[PDB]
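Engineer: Here it is, the structure in full.
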């Protein structure tokens, strides 16, 4: 059971287009660590670090992130929700967001996040 962790290096990217997802899924066939570029609504290029990891590897990835401890606790306590197929978990400057099957749940907390992380089973 492996999850995809998409670290979007932008404070203003709320979601990933299916085209973006396929670009991420395609680059993770030959490797479990890749870097893709995504265009925002303005047209600017945004670097995205993408990784295919198991649950244990993803928890270690979270602990190695240059983010606050509350952001790591937020990600660690909710990473299991991304293991249900059809469920996507988003961590960004606003807070956490569970997109089941569009959005289903949003909780607002400031964890000092300046980037956006997308968790989704593959």
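Numbering (the authors' numbering), first residue to last: 1 to 101, 104 to 124. Idealized CB from N, CA, C, for every residue including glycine.
#1: Leaving out five residues on either side along the sequence, give the residues of the same chain with a beta carbon under 6 Å from the beta carbon of residue 100.
#2: So, helix, strand or coil for residue 101, using DSSP?
#3: Can you look up residue 3 in the DSSP assignment and give me helix, strand or coil?
#4: Looking at residue 32 and residue 53, is the spacing between their C-beta atoms short of 8 Å?
#5: Under DSSP, the alpha helix (DSSP H) around residue 19 begins and ends at which residues?
#6: Excluding the five sequence neighbours on either side, which residues of its own chain have a C-beta within less than 8 Å of the C-beta of residue 114, listed in chain order?
#7: What is the DSSP secondary structure of residue 73, counted as helix, strand or coil?
#8: Suppose the cutoff is 7 Å on Cβ atoms and the five residues either side in sequence are ignored; what does the same chain contact list for residue 174 look like?
#9: Distance check for residue 49 and residue 107, CA to CA, integer angstroms please.
#10: Leaving aside the five residues before and after residue 12 along the sequence, list all residues of the same chain whose C-beta is less than 8 Å from its C-beta, in chain order.
#11: Taking DSSP as the reference, what is the three-state secondary structure of residue 57?
Structural biologist: Inspection of the coordinates gives the following:
#1: Counting only Cβ-Cβ distances below 6 Å, and skipping sequence neighbours, we find 87.
#2: In this structure, residue 101 counts as coil in the three-state DSSP scheme.
#3: Looking at residue 3 - three-state DSSP - the assignment turns out to be strand.
#4: Yes, they are a contact pair.
#5: In this chain, the alpha helix (DSSP H) harbouring residue 19 covers 18-27.
#6: A distance below 8 Å between beta-carbons, with the five flanking residues on each side excluded, links residue 114 to the following residues of its chain, in chain order: 67, 68, 70, 71.
#7: Helix, per DSSP.
#8: It is not possible to answer for residue 174, since the shown part of the chain is limited to 1 through 124.
#9: Going from the Cα of residue 107 to the Cα of residue 49 covers about 25 Å.
#10: If we look at residue 12 and ignore the five residues flanking it on each side, its Cβ neighbours are 40.
#11: It is helical.
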